[PDB]
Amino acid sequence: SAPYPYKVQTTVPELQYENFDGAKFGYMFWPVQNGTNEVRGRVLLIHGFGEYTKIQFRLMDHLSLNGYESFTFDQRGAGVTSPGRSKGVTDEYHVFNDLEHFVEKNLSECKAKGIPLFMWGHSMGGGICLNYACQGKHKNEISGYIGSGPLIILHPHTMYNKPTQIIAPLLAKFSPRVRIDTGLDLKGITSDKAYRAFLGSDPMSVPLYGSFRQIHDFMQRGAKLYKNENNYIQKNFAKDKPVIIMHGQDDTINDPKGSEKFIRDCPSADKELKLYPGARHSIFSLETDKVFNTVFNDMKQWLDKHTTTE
């Protein structure tokens, strides 16, 4: 198959397992490896639909080099956590209940070190991340929220070409356990053909199954934020918690309109949207070196700013 285009510079952590609520979660703890020892903070990574640990290698590697710990886990319905039958089998309840478990785990481990815990999410993970800031049990304990092209509203290009993504949530209630594979939009995901070749050949990426229940729940998740009925965001967003959304300008999978409106509606004093020209969907994982460097540096500087002491 096609090789993983990125060369990891630090030591790749042990793929670790932990049982919770009837699922064996695969997870990784990526330690700071930059010669100095010290840690400025830890970032919890919430992957997107169809993603898993390896996809966030590029991000965790760079974070490790710049004094930041990472924690990620294959969520229920994805990765090595839910193979075969269970692939795509999850719902709104499990999504956040599983999340609370791993938040408290990292919170406990960061408690001893006295280091801040940040939350990061891409696409589907971005929608989960921004929602956790509104509904999370420990939303006021998270030091900052980072969204990577968060799934708020689909881009018209995706809705027109993949109408099944509209039908599946519509038929979810009636037929929840129907699982479906819509295929990867490689051109929409990234502009770099090197990562395109890898993704299309990656056995852990293809095929990609999702249940109607799963799909409906993260589709509705984002729509809830976009509609913002009765000022849901203003009322429930964790008071004055730093937010930053990073979103490719040429993203034709998740509409930049969603991120623009979310930042507008967000009541926090420390909020920002960054749009990246020439960039597409997977800006933190599968895009070009030029795009990734620009995108990661903004995140790195943003993290430093919210861990600056003396």
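One rule holds for the numbers: they count along the sequence shown, beginning at 1.
Here the stretch with the larger average CA B-factor, out of 109-117 and 217-225, is 109-117.
Note on 33-41 vs 63-71: mean CA B-factor is higher in 33-41. In this structure the maximum Cα B-factor among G136, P203, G127, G188 is found at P203. Among all modelled residues in its chain, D240 ranks in the highest third by Cα B-factor. Ranked by Cα temperature factor within the chain, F198 sits in the highest third according to the deposited record.
When the CA B factors of the chain's modelled residues are split into thirds, the value for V12 lands in the highest one. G278 sits in the lowest third of its chain by CA B factor, as recorded in the PDB entry. Residue-level temperature factors show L184 in the middle third of its chain, judged at the C-alpha atom.
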